[PDB]
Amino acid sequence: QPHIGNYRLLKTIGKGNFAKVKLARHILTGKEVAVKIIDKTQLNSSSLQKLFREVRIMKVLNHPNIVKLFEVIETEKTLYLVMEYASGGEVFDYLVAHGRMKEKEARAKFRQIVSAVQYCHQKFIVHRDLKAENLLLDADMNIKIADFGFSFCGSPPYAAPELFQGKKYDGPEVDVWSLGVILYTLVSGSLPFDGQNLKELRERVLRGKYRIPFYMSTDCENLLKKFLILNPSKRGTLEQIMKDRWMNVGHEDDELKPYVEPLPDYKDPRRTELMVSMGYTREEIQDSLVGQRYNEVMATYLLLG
């Protein structure tokens, strides 16, 4: 029945140059899941570093709006990251279909995005490469941030000004800039900076002047100004941005705060027993959850949600 572990591969839903993503079915539960398959035999050093960083990141993130990791399968030649499947697909697709989002809907999505990126930042993680393909949707139209493994058509229009001026290109401030671009695209359905070429693009970014769409609220535009600051050391933190008026319109008793991760349940008597009857030991279930092993036992545990 299965192609790898407990998974019947179904359909390629994404191709990168060094990685394929497949839609697949867990067999014991029959849930749909995303499998990232990386051929390590093709990868050079920087690629390999990038990959092991990805695995590190994925094992740690536990957010409603970032794709969740279920299992890692390692062989010498090939690595598999089994993660959550977002059936809504790319937010890019959605924009092309229905045009720009009304500020109400953009806000709902953007509160999610900001929550997720600031969560990462809390854990001293910066994505450094937020572009359109990183924003996916679940079936209820929730945001799902995807891919921390960098896998040049998408990149440039989301690049912070530092890139083009030789300055260091690390730090949460990079992501803050990208969030501005993303915001602009949600409400306008287009990019703040584009060019017919790389120099055009670079001049427009270094200038940092986007053009204001006539239909756009002044509240939105004050939000934009908080993200798209040229000087990296003068850009706000997402924690500060969270307090923003536009961020909170319609949540007047529900301001946006940093995500508080809920305490772990590695001892669900319900699921545990169902796995003892399914052929696992209790010491092995607990040891896998607490050792946070992301093994076959852990995958089954989480997938019974």
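Sequential numbering from 1, following the sequence displayed.
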query	finding
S151 to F152: deposited residues without atomic coordinates	10 or more
119-127 versus 97-105 - greater average Cα B-factor per the deposited record	97-105
Residue range whose averaged C-alpha B-factor is higher in the record, 235-243 or 265-273	265-273
Deposited CA B-factor, highest of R56, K50, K36, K31	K31
Residue of maximum C-alpha B factor among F227, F92, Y85, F214, per deposited coordinates	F92
CA B-factor placement of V21, once the chain's modelled residues are sorted into thirds	lowest
Entry-reported Cα temperature factor of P64, expressed as the chain third it lands in	lowest
Ranked C-alpha temperature factor of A146 among modelled chain residues, by third	lowest
Record-listed C-alpha B factor of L198: chain third	highest
Assigned third (lowest, middle, highest) for the C-alpha B factor of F70	lowest
